[PDB]
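Laid out below as structure tokens are two forms of one and the same protein chain, each shown alone and named structure 1 and structure 2.
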Structure 1
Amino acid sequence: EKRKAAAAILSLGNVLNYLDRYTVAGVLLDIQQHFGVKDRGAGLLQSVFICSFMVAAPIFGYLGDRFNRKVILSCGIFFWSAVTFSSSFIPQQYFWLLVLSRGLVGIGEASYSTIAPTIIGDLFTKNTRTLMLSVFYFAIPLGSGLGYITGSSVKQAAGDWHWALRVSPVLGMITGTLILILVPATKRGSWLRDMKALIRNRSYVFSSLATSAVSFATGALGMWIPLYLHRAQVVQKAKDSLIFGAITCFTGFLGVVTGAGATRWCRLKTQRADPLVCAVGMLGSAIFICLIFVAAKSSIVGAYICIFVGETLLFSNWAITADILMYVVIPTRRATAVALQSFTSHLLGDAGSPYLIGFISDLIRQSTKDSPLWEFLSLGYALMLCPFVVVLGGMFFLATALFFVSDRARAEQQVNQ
């Protein structure tokens, strides 16, 4: 009751946590025409969000261990909710204010993302704990798709795009209030040596690189596909991001389910089933992601079908990389491994993926005739680097597969002693 409600309100907070990152991505067209910026600043928004998130996350993992986790969590939520509401009133000439507010929202969300799973893990035990944490993660695809749908529908209804940013913090105030009320005051229960031991961990290194490629593809695509689809529709002379949000929710759930089923099918034949599957999914999704840019030139329904299948296949290896890190890393180094892997996946992945895609798009457009057709074509050419990164991530998962047996053998050897 007390702890099941706490888990419920923390799951709602995570829904809001992910609903506030993709509200900007679902209204990006209106932001560009309002502020007059090109693809570069549009990518810079999400890049600054992720660059602040990945730097604040370790610090809040260090502050939550020392001080009250629930106080930091509640102050974080309220803080990003306020930054989101206050930034909705930014006038036209201050785009740097909007980018800096995106960065501040990323700092606050880092507190929640870092501290809420520890609270849920400390409230529950065993299977109860495993299910509860799962419900918390269930909010990633639901939150993302709801962010897309919310931004698009609120811009459609209100006649303005700021209301996309204005409607969500009202729920964050209530979630922070109930986290003050519902969530109990739960208490707490060398890194460089662990890093020295983990750099020689070939399977951990290559799994981290594969996760970095996944993050690159996910960040760039989730930022730039709702806008690429709109440009495709305009050249093929709102709805796009609503359909994309529905697809995002359903494909996140379906991808987790299908990855679990595939690994459960492959446990009968290969000891390297966990990484190998992760590779075959990636080289699968890379076939379909590229097809997004082949179908959208002629049909948007084909683009949606390819998004569906490629997003199901890209999201299948989300829960299997955690399996690999559990398998190959001894539990004393597992916290450092998770922290460093998150930092590496952000830094080499989605911290610069949206800005890189925007910069490539702008550089293609500058050396070429300017037109809606060429806007759409330049964004497609820029986005064609996501399939290449997915191919490299599949190669890195294969390299993890070659060493999975050896590294898991040494991990079991060390934990048995």
Structure 2
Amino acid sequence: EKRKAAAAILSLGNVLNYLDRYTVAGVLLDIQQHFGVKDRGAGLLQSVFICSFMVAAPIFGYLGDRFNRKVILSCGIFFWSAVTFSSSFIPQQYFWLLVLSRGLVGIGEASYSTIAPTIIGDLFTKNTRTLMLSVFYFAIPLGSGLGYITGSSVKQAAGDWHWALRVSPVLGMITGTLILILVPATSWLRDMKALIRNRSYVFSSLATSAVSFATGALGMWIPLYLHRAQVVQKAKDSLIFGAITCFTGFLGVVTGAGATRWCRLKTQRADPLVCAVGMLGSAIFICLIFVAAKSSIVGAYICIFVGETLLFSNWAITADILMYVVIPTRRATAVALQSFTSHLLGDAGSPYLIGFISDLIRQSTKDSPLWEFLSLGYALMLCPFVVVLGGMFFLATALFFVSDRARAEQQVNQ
């Protein structure tokens, strides 16, 4: 009953992780009002955060292979919590201090999100491990929902940037202690070469990159698309989309876990297939969004719901695949490179790519609300192709799964 409590504590640490990730996402406009900055100011915040996360993922993966592991995790939690509690004090004259605060939070929670999954993998076994990974990733939509609700409620109580980043840090330090204590006692180029040899791991990383691309592009650009659709047919839409995203994340994790349990109990290659089937079923509904909204009078966009569910169904299953096809002393590096790749090819630049394509499409016709709707519609129909591509990579992983699992067990069991 110590390992189960420790997995619960790591999951709560992840809840706090995403709460600190999305409190600023909630309070970005109020930050703009306080600092007197433009939207490119918040663009700098998010871009610097993702850049620092990407850069500090391989280092913390490297140090997660060799030296103490729980120490790195607790020190990372204390790191971003103390950095945030520090940055809240900053006056209005400098905004780059807030940007550096975003960078430091990025480094700390890159350490956490690169170390914790390997601990949860190392603690448990087949059913308990997949359940605990499902919990660890269920903590994501829960964290985002709490980020939004915290930002809005605190702004209603008192609306400023100051009052946003003061809530989580103390609970962060509490969970840093409760991970340092409760958690049960815990060259690099060769590892990189061995991992890039592993075909299943490569294909799973590419599939995760496509998943992150789709999630970032949809989760940013959809609310504007829905507003344009309501304009064509003839804020709050962001709130509705956020609630939909959180509830669909819950439902997707649940459905993926159940379907994986059944298919594994039947066959031998269930982990990648139950991802691929879900991904393609999600792409179909994501397109069904766009074939809808032509008549929202009857339409209800539920295709977003039943597309996001199926798309999020494969969070924990990809982690399961990675733990299956990578030996214990390369799990940290594998997770780090997976995060780096999924960020680089995914949400780091994907919304901006969609924006560039939307600008290119709208350059033909003279600007019109209906024309904006159509242009952004094509730009966001670009994403279902990415989802289908990720599904095909999941099929390739399904091809190589047993072979690479056996090639891993031959090495380990010696």
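One-based numbering along structure 1's sequence throughout. In this text, rigid core is short for the largest set of C-alphas that superpose within 1.5 Å between two forms.
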Of structures 1 and 2, select the one representing the form described as "inward-facing" in its entry title. 1
Conformational change between structures 1 and 2, one of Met173, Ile199, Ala335, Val257, C-alpha moving 2 Å or more after core fit: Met173
Quick one: once the rigid core is lined up, does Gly13 have its C-alpha move by 2 Å or more between structures 1 and 2? yes
Would you say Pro354 moves its Cα by 2 Å or more between structures 1 and 2, aligning on the core? no
Inspect the rigid-core superposition and answer whether the C-alpha of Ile289 shifts by 2 angstroms or more between structures 1 and 2. no
By how many angstrom is the CA atom of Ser144 displaced between structures 1 and 2 after fitting on the core? 3.2
Please state the CA displacement of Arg272 between structures 1 and 2 in angstrom, with both forms fitted on the core. 0.6
Core-fitted comparison between structures 1 and 2 - CA shift at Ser367, Å: 1.8
